[PDB]
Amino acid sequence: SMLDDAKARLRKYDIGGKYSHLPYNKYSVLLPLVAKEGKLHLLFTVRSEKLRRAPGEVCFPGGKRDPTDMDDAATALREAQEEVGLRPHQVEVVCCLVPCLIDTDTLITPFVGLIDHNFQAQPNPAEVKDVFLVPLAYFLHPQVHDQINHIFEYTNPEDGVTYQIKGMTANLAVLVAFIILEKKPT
């Protein structure tokens, strides 16, 4: 099936806990995969203006590890619940992708999760201004604008609203699309 095929592809790129003990400032993100109308989509947030990190930017749900978290996957799930109301029984964490090194002292660990079909986002307005889906296939033929810095523009055909996706967020979206969608019969 579509969902079983995605999980089998994803598992081949799982690095697991290999880099998780290194002595960095630690953050985790959840890359949430949602199936709608027979296709896979990724879920994104727009951060609220009043945050420290990335005010007003398009990002995946996530945040800083705290002492309560059993592991890096726990960080991602805790933060996703706080930001958009995703509960743990509504997510299957499938793998841990290559981590992102930034600022010389920080490591960001990305996890891919499959999201239950009955989940409906409840945006927490203290953290998130908006929550939206993009079809995964978009990232194979994106609409690119150069600011050189490459920026993707996505317009939701439901409402005509345009979103700008860039940086590590855009890079991770492309990676997930390549993993799941490359070399597929039609």
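Whichever C-alpha set is largest while still superposing within 1.5 Å between the two forms counts as the rigid core. One rule holds for the numbers: they count along the sequence shown, beginning at 1.
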Notebook entry, point to check: Is 26 to 34 or 47 to 55 the stretch whose C-alphas end up farther from this model in 8 other deposited structures of this protein after a rigid core fit?
Noted result: 47 to 55
Next item on the list: Count, per the entry, the deposited residues between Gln147 and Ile148 that are not modelled, and return the matching class: none, 1 to 3, 4 to 9, or 10 or more.
Entry: 10 or more
Margin query: If you average the CA temperature factors as listed in the entry, which stretch comes out higher, 170 to 178 or 6 to 14?
Written below: 6 to 14
Item checked: Stretch with the higher entry mean CA B-factor, where the candidates are 117 to 125 and 49 to 57 -> 49 to 57
Next item on the list: Quick one: classify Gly38 as lowest, middle or highest third of the chain based on its Cα B-factor.
Entry: middle
Note to self: Using only modelled residues of the chain, where does the Cα B factor of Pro99 rank: lowest third, middle third or highest third?
What the structure shows: middle
Next item on the list: Sorting the chain's modelled residues by C-alpha B-factor, tell me whether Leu136 ends up in the lowest, middle or highest third.
Entry: lowest
Check: Would the CA B-factor of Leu31 place it in the lowest, middle or highest third of its chain?
Finding: lowest
Checklist line | Where the record places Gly63 (Cα B-factor, split into thirds across the chain) | finding: lowest
